[PDB]
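Colleague: experimental structure and its sequence below.
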Amino acid sequence: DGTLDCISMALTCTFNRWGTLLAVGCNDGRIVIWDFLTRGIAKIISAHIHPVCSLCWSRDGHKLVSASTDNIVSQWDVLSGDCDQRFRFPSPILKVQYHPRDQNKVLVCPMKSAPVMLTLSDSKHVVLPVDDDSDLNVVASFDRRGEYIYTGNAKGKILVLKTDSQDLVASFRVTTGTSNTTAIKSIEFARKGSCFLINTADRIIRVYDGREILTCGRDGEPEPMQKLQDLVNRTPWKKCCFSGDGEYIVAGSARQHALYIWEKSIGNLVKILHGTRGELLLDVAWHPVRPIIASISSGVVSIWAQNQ
Amino acid sequence: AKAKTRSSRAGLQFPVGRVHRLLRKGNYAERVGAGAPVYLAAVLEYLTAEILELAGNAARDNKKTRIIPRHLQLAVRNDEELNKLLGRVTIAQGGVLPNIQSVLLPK
Amino acid sequence: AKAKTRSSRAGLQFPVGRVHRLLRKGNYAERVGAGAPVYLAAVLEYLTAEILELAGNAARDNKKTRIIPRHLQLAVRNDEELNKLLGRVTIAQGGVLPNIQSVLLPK
Amino acid sequence: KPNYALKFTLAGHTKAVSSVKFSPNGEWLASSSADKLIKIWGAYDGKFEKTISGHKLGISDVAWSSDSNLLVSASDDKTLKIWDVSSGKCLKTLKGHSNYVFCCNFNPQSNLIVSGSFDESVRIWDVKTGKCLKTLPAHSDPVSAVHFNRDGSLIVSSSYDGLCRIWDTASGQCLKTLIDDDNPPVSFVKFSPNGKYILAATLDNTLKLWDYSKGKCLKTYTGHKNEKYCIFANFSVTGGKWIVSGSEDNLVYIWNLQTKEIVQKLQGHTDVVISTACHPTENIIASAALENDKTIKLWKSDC
Amino acid sequence: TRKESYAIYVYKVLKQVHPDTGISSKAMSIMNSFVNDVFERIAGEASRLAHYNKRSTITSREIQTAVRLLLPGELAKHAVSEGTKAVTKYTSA
Amino acid sequence: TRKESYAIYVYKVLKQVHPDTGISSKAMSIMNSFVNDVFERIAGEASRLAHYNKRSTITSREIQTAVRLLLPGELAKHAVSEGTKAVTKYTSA
Amino acid sequence: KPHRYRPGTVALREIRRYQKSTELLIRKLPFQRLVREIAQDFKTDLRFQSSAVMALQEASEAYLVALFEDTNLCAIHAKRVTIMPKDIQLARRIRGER
Amino acid sequence: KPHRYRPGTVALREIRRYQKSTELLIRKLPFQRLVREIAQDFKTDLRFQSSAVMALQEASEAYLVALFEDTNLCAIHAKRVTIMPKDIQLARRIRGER
Amino acid sequence: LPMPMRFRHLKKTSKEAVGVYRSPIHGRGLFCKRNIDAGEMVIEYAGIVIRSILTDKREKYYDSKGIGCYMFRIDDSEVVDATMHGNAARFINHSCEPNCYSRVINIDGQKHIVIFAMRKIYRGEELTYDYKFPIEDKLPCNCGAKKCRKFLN
Amino acid sequence: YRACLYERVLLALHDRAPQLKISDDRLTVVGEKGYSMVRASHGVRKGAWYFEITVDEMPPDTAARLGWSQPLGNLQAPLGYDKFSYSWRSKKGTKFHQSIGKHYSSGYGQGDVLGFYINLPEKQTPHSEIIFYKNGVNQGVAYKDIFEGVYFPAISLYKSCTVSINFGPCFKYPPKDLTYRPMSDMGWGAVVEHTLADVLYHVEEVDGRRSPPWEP
Amino acid sequence: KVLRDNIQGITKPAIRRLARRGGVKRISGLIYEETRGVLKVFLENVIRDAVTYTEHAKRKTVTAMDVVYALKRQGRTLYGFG
Amino acid sequence: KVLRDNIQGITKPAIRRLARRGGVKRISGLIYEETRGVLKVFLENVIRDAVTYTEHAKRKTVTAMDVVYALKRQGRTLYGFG
DNA sequence: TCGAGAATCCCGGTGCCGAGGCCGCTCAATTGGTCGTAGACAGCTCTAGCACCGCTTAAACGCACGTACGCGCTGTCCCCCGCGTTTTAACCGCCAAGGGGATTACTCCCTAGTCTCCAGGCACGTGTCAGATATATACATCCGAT
DNA sequence: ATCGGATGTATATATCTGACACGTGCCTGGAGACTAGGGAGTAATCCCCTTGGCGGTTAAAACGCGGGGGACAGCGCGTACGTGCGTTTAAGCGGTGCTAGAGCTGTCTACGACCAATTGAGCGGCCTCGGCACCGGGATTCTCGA
């Protein structure tokens, strides 16, 4: 539905705050900031020699946090492209995430170690707690306002901490239905409202409302707002995301390189988009204020708009 | 010595005393629950009501005052629950409910 | 007065005392005939003989001493009258007796 | 009521002036004419900044960029031309209109251009590549005026066939068609500052403010004279809420916005006051007249 | 020789449901046979269950359970209600 | 809990027919369930026919008749002869 | 010119009226003679109730129309309007009659 | 060069060995979970004997192979080696399961 | 197939089945972009569904505005007026030998005028139907057909 | 097909204004603001015919108008605002046409069951006329000058007027003419005519057309 | 009085009448006798079992209640005969 | 602990294994879920009836003898469980 | 079609726990009176069955014949079999908690059993209309020419 | 796709009636009242099966992947089957008449019922060990390309 030839080795992309620019990582380890309106590249940053697998914009949009595969995280000014700060860790980083209401702070989910929240002003770090002490794979995310931290382990356990004190403000373990746990693949939130989603190893996306988890307290049984899956193909989901408003949810079937689109309230499947059967789907994102969807597959980006 | 039958005591029609004597002579249990005849006869009353009601439905559907066994067959074949109840049961002068298969119609 | 089992005087193997016990406890009649348990137990012994014999045939055909339910199922589906008696019966660890259809064969 | 008095008289276009526009910062005044020349002037002293040429035929419209850095010039050479206002460089020349281009306007984010031409089709243009992205058989007569809404989601179009059509930007969808029980040749059209209303001039000495959500004319303004030429109309907001326009009687009419009553009549022009521009910040109004005057007059009031 | 039946009772309930609608003797005996069959059904089932409970007494709970076994869904539900009604009406005697 | 079965008599009659054979306890339980099945079958049929005969006494004539109703052909014939011989033997003393 | 309805049509109406009718479709005396012939096989010179034999014939014909019905259905699954003996045989097979 | 047996042949041998074998062909735990799921519909939190559920699964699979068997037979009467849902439906129909 | 299902399929495939290009018949017209089978739904003449009594008031209105009337009679009571609001079906020329034909269908109670294909239409073909315009006193036709009446009327 | 959602020839719902309410208990018509117009299902093209209007509610601020109107009649106008409509005002019997009121008429009553006779021939249409009756009693000729074009019976509502049209077989004071036709008769006549219209248009599917000696 | 061959006393018109009642359009010949056989086989059981009842009934005439209890035992019970 | 969707826990390989046991060569996809349904429907009865027994048994655990008497009442009796 | 290869059959050897054998330890089987009674049997009816025979006729058998579905064959598509790989969770083994199942011991509410009396049910007459039947009629629908 | 004609079918009508609703007198099962036992109900105890979880494995399931194989659609023909009309034929009404056998009553008697006293056949429980299940390996035979 529209691709871009000017960028190669597309690996990960991230919309700015207003959906005007798109910073995509490349295998060479370069940032290509491409613009939607002019439909051209706005900037090229020599980030790493190592490909970039995690990219996030700042609220003002003037800062981007990037994570190399060399366990090298670096902050870059979007106007200049300079490495504002640079850090390195063990257990290679799985994800970075600016704090939505304090760009000085940034959470980092490493591979084998617990997620740690650092600041840019002071090169300090706060190691977030781990429930089972043996997960070794915990994804973590700020909420819409950056007031709480949602951490999900490979054993389906979900901890809601407060971003300042790291104190356990809520907890519950998700189920595979019968009695079993499932690897929490990812936690996503809505930029509007309080509904959030969880991608899990059961190939079933679970949509909740964080207020219900907060009122559920620690070690409770909160039910999902919605349960979403491909009952037909039972396809895993490499990457999913809400709509900009938060009433539409998309999942990327990397198994067959397709895109499923459900609603939030009803949860019925809006539609399906089919990509090149030979392309391996890698990355998925939604335009924050447009019915536009960016896809990264086999190093190539595609655009999916929706007109009246 | 005021008399009142258990059917009137249940305000129903089926003879509780008669059915009680019947089950007694039926050699199913040594002692009996005194209310079991009442209960069972009430169940019979209910089911009989439904089946005769559907029968009469077909009957006046055919302008028939006195119900014919064909009405009975049609009734027992229409209702899913009663048909399931009496699937392997046969009915005298029953016949077959109207049923033509799709491909039977010429095109 | 020495007590011998009534089955001995019947010259049989199944306990006719237990038989008549189940009979009286079965709520079938007000009083069971004397030789009726004897007769029915004799029938039971005979049919058990038949089925066990068929089972032993099958097992020895399969070069087997211990007789598994599969042998018995095969014998069941091998005796037409017994099958008729038991076609409505299901058999644990029975499987299906080898039955090959004509058009199923290759060429 | 305003008390606009003449402060500066501007002239120099060898031919009939077709448009004068205040820079959004209020720093310059761009004046287009049929002489293939544009003239940038000082917006507060009447100081002639420069002349930008390059168009091959007469110029029917010119429009500023939002950052006061670019100017689109729609000329009778069937071409648009995007210029850097600081250097006067022809950054782009837009080709593709099959006939005389009469109007041109930037999107609220200044990255896109709408253009109406005699070809009776409205073309939608890129800025950074100058590429025509859409083309619409909008009207059954040459387009008179095209303009963006407050955000760039809607494009309003007027033409000599008397139709005022609102179109979707993302899809070109003809959203609405405003009709006033007749076919009055609409020579000008534009959105309200709040994007809620639309001011359209018809060639019968009549101006009409319509509600967009209602699709009906809310207010009417008469007393002026406009029946043949593309006389511009502006919203006076820096002081009181007024409606300023030119007229074929050499007057500069100013009505009250709400009461629709004439609040001032600026006289001093000798020809038809062909183009009008209201200052974005100050109570300054540039009134340019036709070839029998060839003059642009700055008017400043106190309210 | 006196031969008992329920034609009186079936006619009673007929009137109670349809005072207008008549009845044929053929269908009458059909009704009689049918109710005999279903009564034997419930009798055998309840006796079997009680034998499983090894309880020499047969009570109403057995009847409810076994008719629930017998009837397809909602019928039983409806059924048991009136049955309960009955025994209540009879326990309130 | 004292539970009663027949597998001992199964082994007995087995040795009576096949002395050099073993059985799966599974198969023994299957055979015993079969014993119970045929027993309840014949008993119910006998009680039902006696009810048709309005008899409260189930005797060997009922036994033979019900077996004939149940068993086919030579199965029934041999069973009848065997029961007859056995009741004759028991009545002989 | 003589008229002849298209095939099945007359038989179709026959089907319609037979589903309309409910009485027997077998002549009484032949059926009765057949029953008595079958009876003498098991024991000779046995008497019967007219009600009894009426029940026999009704119940038979019921089983028979049921067999014809589901064999019709099977032949539908056989995609034919003509019936084949194998249909009846396999129907009994599914009916556990084999 | 790679070898591949002709179609059915491998499945034919599978048929042969399955008529040879006698044990279950269903994984225990999934069947048990299904049973408990069905149970909670009528009443929740009910316990079971392993013997009980083994009986359930055995008896089920027996009914199921019987259905597969006579539907195979019907498909023979359907002159096809592929199975069709209508075969199963009409088989149940003859099985009085409709 | 159900007229509603067929109509949904038609409204789904219409945007990619047909196009409008320069026409040797006259000006611009509807051409086939994918081989269309006979009798299948080619295109709806979608527009403003109005009652008949309001036609003239609209027509004169357009007569006052110099805008051509795009109206097709649904029946004696309704008309699809596409003058101001319509679809690509406003560019279907006429031929005395049409490979298409107009028919009115009833979907959920509302009438739709759908041009279907009189024959198997192949890609590139210009789409034309019989307007059935009554005989006036004269519009010359350039449909190119050998049977051409030389005049729609 | 032009199948009409009607058991009898009634006031066609296809030709009402969005501010026009109907009650099929009496098929009465009512409104809320100003005037509006509704018409029947049928429409006359020739011959003489006749119908009625029954008034069920006429408060002082309630004035219905009843008459005939050709197509081109704007159903929001009060049935006589144009030259193609001729009606009567139900306050005093006053003939209204071209929005002009004429007192060449009788008086109207609140509970009037008014009969409406009208004859069009097979630049006034020759020998065409309109006659008005109050409960069969001749209220007199309303309009002799009748323009060409088909006409249909119509009702205009003012604020909350309750009136209804009615055919012939259930009449109260019917004329005994053998030539005039009730509403239902012309209704099914026009229905069959439009059936044949569909027939002929779908024919025009097959090459050729042919019609008998023209006169009928 | 020894009876025989009443099986063919079943007329092919009767068979096709029953078939039409069953809703059958086209029939082959090979069915009828086959049909007959089945018929025989079917009744082959019941009468015997029926007279088996009569066997225990110690009576010379055969009654309906016999076949009633047979069809019952044959799982094909019928109504309308006591 | 609320259960769900164990019906699809029945693997298509399991279904085809059962089919091969039934002696089937070629199978279509449309069967399996259909199959499953039937399966469900089938067990749909027995468990309920079974727990119905347990209903009258006044017990919380469900036993084999329950399904024994069910299949008996369902005319599909089984051996080997008492 | 004669080999290659592959799935299988069979052989010897290993280790095991169920099949079996035997041992305490009853309660259920036997024995023997004793008693009221189920039915065995005799001995009557009467009626329903069984057969007889005649009369009428709707029904059945066969014919001829159109014809049209059954059947047989061809080519296509697609699709399910077979194999390869990758992922997983059934299984299996072990542990542990408790919650229900089964048990026993009291305790007594309810039912069986008895006796009395009569009133609802049942056989039996008795008018009597729901509907069966026949007839002419009006409507629906097929089949063939156009 | 229609119209015309043939034919078959739904309707109103009339009356006949024989089932059928209705009422009786007479019978006995049902109700009413009273006594006993003891099945059932409750409760405290034990056990112990179940339900729960945890970790490692891989055989099994998921999924993909050609691709030949048959489902299926179509197409010719022909034989077998509806049909309408012939024909002849037993089927049905019906009514007769005999009685063989159901079907009823009245004994009287053998026969379990039942209880009590007695116990050894049988059953839970405990060794035990050998066919049997598994495994590995070698030899056999089907199958798919010549």
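Modeller: Arrived safely. Numbering: from 1, shown residues only, chains lettered A, B, ... in the order given.

Colleague: from now on I want contacts and neighbour counts done on CA atoms only, so please keep to that.
Modeller: Noted.

Colleague: tell me how many other residues surround whichever residue of chain G sits closest to chain A.
Modeller: Residue of chain G nearest chain A, by CA to the nearest CA: residue G:77 (28.5 Å). Counted with other CA atoms under 10 Å in any protein chain shown, residues neighbouring residue G:77 total 21.

Colleague: same thing with residue A:278?
Modeller: 10.

Colleague: name the SS class of it, please.
Modeller: With DSSP: H, G, I helix; E, B strand; the rest coil as the basis, residue A:278 sits in coil.

Colleague: with chain H as the reference, measure out to it.
Modeller: Per CA to the nearest CA, to the nearest Å, residue A:278 is found 26 Å from chain H.

Colleague: over to residue D:283?
Modeller: The value you get for residue D:283 to chain H, if CA to the nearest CA is used, is 79 Å.

Colleague: check contacts around residue D:108.
Modeller: For residue D:108, the contacting residues are D:66, D:148-152, by CA atoms under 8 Å, 6 or more residues apart in numbering or on different chains.

Colleague: and it, what helix or strand is that in?
Modeller: Assigned by DSSP states H and E, residue D:108 falls within no helix or strand.

Colleague: spit out the contact partners of residue 28.
Modeller: Just so you know, I chose chain A. Contacts of residue A:28 by CA under 8 Å, 6+ apart are A:9, A:48-51.

Colleague: actually it's chain K I care about, not the one you picked
Modeller: By CA under 8 Å, 6+ apart, residue K:28 lies in contact with G:82-84.

Colleague: switch to 10 Å and redo it
Modeller: Residues in contact with residue K:28 (CA atoms under 10 Å, 6 or more residues apart in numbering or on different chains) are G:82-85.

Colleague: most neighbours out of those residues, which is it?
Modeller: residue G:83 (23 neighbours).

Colleague: just give the number of residues close to the closest residue to it other than its chain neighbours.
Modeller: Nearest non-adjacent residue to residue G:83, counting by CA to CA, 6 or more residues apart in numbering or on different chains: residue K:27, 5.3 Å away. Each residue near residue K:27 was counted by other CA under 10 Å, and the total is 16.

Colleague: I'd like the distance between the residue of chain I positioned farthest from its centre and residue I:56.
Modeller: Taking CA atoms, centre = their mean as the measure, the residue most remote from the mean C-alpha position of chain I is residue I:64, 24.7 Å away. Distance of residue I:64 to residue I:56, given as CA to CA, to the nearest Å: 12 Å.

Colleague: just checking, the residue nearest to residue G:83 touches residue K:13?
Modeller: No: if you go by CA atoms under 10 Å, residue K:27 and residue K:13 don't touch, sitting 11.6 Å apart.

Colleague: common neighbours of those two, please.
Modeller: Both residue K:27 and residue K:13 are in contact with residue K:19, where contact means CA under 10 Å, 6+ apart.

Colleague: can you tell me how far the residue nearest to residue D:191 when sequence neighbours are not counted sits from chain E?
Modeller: Among residues not flanking residue D:191 along the chain, residue D:198 sits closest, at 4.4 Å (CA to CA, 6+ apart). Residue D:198 sits 66 Å away from chain E, going by CA to the nearest CA.

Colleague: doesn't residue D:158 make contact with residue D:198?
Modeller: No: with contacts counted by CA under 10 Å, residue D:198 stays clear of residue D:158, the gap being 11.1 Å.

Colleague: who has more neighbours, these two?
Modeller: Higher neighbour count among residue D:198 and residue D:158: residue D:158, with 29 against 23, using other CA under 10 Å.

Colleague: mind giving me the domain split of chain I?
Modeller: I:1-42+I:87-107+I:115-153, I:47-83 (automatic domain parsing).

Colleague: buried residues in the last one?
Modeller: The neighbour-count check on domain I:47-83 (16 or more other CA atoms under 10 Å in any protein chain shown) flags I:47, I:49-55, I:59, I:61-62, I:65, I:67, I:69-75, I:78-83 as buried.

Colleague: is chain A contacted by it?
Modeller: No: figure legend: domain I:47-83 not in contact with chain A (CA under 10 Å from any CA of the partner chain); closest approach 17.1 Å.

Colleague: so which residue is smack in the middle of the chain?
Modeller: Picked chain A for this. Closest-to-mean residue, chain A, CA atoms, centre = their mean: residue A:188 / 6.0 Å.

Colleague: looking at chain E here, not the other one
Modeller: residue E:39 (5.9 Å).

Colleague: just checking, it touches residue B:39?
Modeller: No: checked against CA under 10 Å, the pair residue E:39 and residue B:39 is beyond contact range at 11.6 Å.

Colleague: for the closest residue in space to residue D:32 that isn't next to it in sequence, name its beta-bridge partners.
Modeller: Nearest residue to residue D:32, sequence neighbours excluded (CA to CA, 6+ apart): residue D:38, at 4.6 Å. Applying DSSP bridges to residue D:38 gives these bridge partners: residue D:32, residue D:52.

Colleague: which residues touch residue D:38?
Modeller: Contacts of residue D:38 by CA under 10 Å, 6+ apart are D:13, D:17, D:19-20, D:30-32, D:50-55, D:59, D:61-62, D:71, D:73.

Colleague: from residue L:46, how far out is it?
Modeller: Taking CA to CA, one finds residue D:38 at 92 Å from residue L:46.

Colleague: quick check: residue D:273 touching residue D:265?
Modeller: No: counting by CA under 10 Å, residue D:273 sits too far from residue D:265 to count as a contact (11.8 Å).

Colleague: what residues do the two have in common as contacts?
Modeller: Common neighbours of residue D:273 and residue D:265 (CA under 10 Å, 6+ apart) are D:245-246, D:250-253.

Colleague: ok so, going back, using the three-state scheme, assign the residue farthest from the centre of chain I.
Modeller: Per three-state DSSP, residue I:64 ends up helix.

Colleague: for chain G, what lies in contact range of DNA strand N?
Modeller: Applying CA under 7 Å from any atom of the strand, one finds that chain G approaches DNA strand N through G:3-13, G:17, G:27-30, G:82.

Colleague: ok, for residue 64, nearest residue in space, not its chain neighbours?
Modeller: Assuming you mean chain A. residue A:57 (4.5 Å).

Colleague: actually chain K
Modeller: Once flanking residues are discounted, residue K:64 sits nearest to residue G:52: 3.6 Å by CA to CA, 6+ apart.

Colleague: what's the host helix or strand of residue A:66 packed up against?
Modeller: In the assignment (DSSP H and E), residue A:66 maps to strand A:63-68. For strand A:63-68, the packing partners by 3 or more CA pairs under 10 Å, 6 or more residues apart in numbering or on different chains; DSSP states H and E come out as strand A:21-25, strand A:30-35, strand A:52-57, strand A:72-77, strand A:83-88, strand A:93-99, strand A:102-110.

Colleague: still on that earlier bit, can you say which of the contacts of residue D:38 are buried?
Modeller: Among those, those classed as buried by 16+ other CA under 10 Å are D:13, D:17, D:19-20, D:30-32, D:51-52, D:55, D:59, D:61-62, D:71, D:73.

Colleague: restricted to strands, list the contacts of residue K:28.
Modeller: Among the contacts of residue K:28, DSSP state E puts none in strands.

Colleague: which residue is the nearest non-sequential neighbour of residue J:134?
Modeller: The shortest distance from residue J:134 to any non-neighbouring residue, by CA to CA, 6+ apart, is to residue J:114 (4.7 Å).
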